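Results of the structural survey
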Amino acid sequence: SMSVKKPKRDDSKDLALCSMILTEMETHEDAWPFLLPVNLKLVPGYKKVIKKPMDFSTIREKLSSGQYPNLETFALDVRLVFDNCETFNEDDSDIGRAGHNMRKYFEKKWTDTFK
Ligand SMILES: Cn1cc(C(=O)NCCN)ccc1=O
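Per the deposited record, determination of this structure is attributed to X-ray crystallography, with the resolution reported as 2.0820 Å.

Close to the ligand lie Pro33, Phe34, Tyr46, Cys85, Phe88, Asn89 and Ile95, which account for all nearby residues. With respect to the ligand, the side chain of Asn89 contributes an N or O atom lying 3.0 Å from an oxygen atom. Burial of the ligand by the protein chains amounts to 59% of its free accessible area of 390 Å².

Quick look at the packing of helix α1 (residues 14-27) against helix α5 (residues 94-114) now. Where α1 contacts α5, the axes come no closer than 11 Å and their chain directions differ by 150°. Considered as vectors, α1 and α5 are oriented roughly antiparallel to each other. Regarding α1 and α5, the two cross each other, and that crossing is right-handed. From α1, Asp14, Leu17, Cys18, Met20, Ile21, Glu24 and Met25 reach across to α5, where they touch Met102, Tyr105, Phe106, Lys109, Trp110, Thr113 and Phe114. The class makeup of the residues in the contact of α1 with α5 is ten nonpolar, one polar and three charged.

Of the voids in this model, the largest pocket is the one considered here, and its volume is about 270 Å³. Lining the largest pocket we find 16 residues, and of these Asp14, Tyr68, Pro69, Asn70 and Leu71 sit closest to its centre. The set of elements that each furnish at least two residues to the lining of the largest pocket consists of α1, α3 (56-64) and α4 (71-88). Of the residues in the lining of the largest pocket, the class split is seven nonpolar, three polar and six charged. Taken as a whole, the second largest pocket holds about 220 Å³ of empty space. As for the second largest pocket, its lining consists of 17 residues, of which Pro33, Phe34, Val38, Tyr46 and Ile95 are closest to the centre. By residue class, the composition of the lining of the second largest pocket is 14 nonpolar, two polar and one charged.

Parameters at a glance
As a convention, residue numbering begins from 1 on each chain and follows the written sequence, not necessarily the numbering found in the entry; residues with no coordinates do not appear. The basis for every side-chain value is the complete set of non-hydrogen atoms in the structure, without hydrogens or water. Any residue with at least one heavy atom within 4 Å of a molecule or strand is counted as near it. Under this definition, polar contacts are N or O atom pairs within 3.5 Å; protein pairs additionally need one hydrogen-donor-capable and one acceptor-capable atom, and for neighbouring residues in sequence, both atoms have to be side-chain atoms. Here the accessible surface of atoms and residues is derived via Shrake-Rupley with a 1.4 Å probe, and residues count as covered only by protein chains that are part of the display. Lines fitted to the C-alpha atoms define the axes, with helices restricted to the stretch that makes contact. Angles between their N-to-C directions range from 0 to 180 degrees. Helix numbering and strand numbering both begin at the N terminus, where a helix is a DSSP run of H or I of at least 4 residues and a strand a DSSP run of E of at least 2. Angle categories are assigned with fixed cut-offs, so that under 35 degrees is roughly parallel, over 145 is roughly antiparallel, 65 to 115 is roughly perpendicular, and the rest are oblique. Each crossing is labelled by how the near helix is turned from the far one, with a counterclockwise turn of less than a right angle marking it left-handed and a clockwise turn marking it right-handed. Contact between two residues is taken to exist if any of their heavy atoms lie within 4.5 Å; hydrogens are not considered. The classification used treats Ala, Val, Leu, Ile, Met, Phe, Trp, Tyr, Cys and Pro as nonpolar, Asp, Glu, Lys and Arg as charged, and all other residues, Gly among them, as polar. Residues are said to line a cavity or pocket when one of their atoms sits within 4 Å of a point; the points come from a 1 Å grid over protein atoms alone, cavities being sets where a 1.4 Å probe fits but cannot get out and pockets being open sets with protein on both sides within 12 Å along at least five of seven lines. Grid points are joined across faces, edges and corners, and a volume is the space filled by probe spheres set on the points.

Printed below as a string of structure tokens:
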């Protein structure tokens, strides 16, 4: 509360660590469904069904222009990519399985980096 300061973690490296985590995502071989925004004019149903589209390049742009206030909002956009994926794809499709793989890949790097 007011004048009651909780001891807080060092966040000076958060930007560089999130950038390196995103780089590992972008270079993962299963990252192809998520590198670029879903083409709303070439895919039937996505614009209406998916109310918050998100992809790695948009996350990269928001990270490179100071649009994430903290690292929690960064992980929100990353998880939004895979939440959208589950909403729109079957689990045993190539894209649906890539999302599950990429999500598990992310959450371990998130724990190994900040926890
Ligand atoms: C990540 N993601 C990719 C597609 C896509 O590109 N579909 C083309 C079908 N061959 C659709 C939904 C989704 O969430």
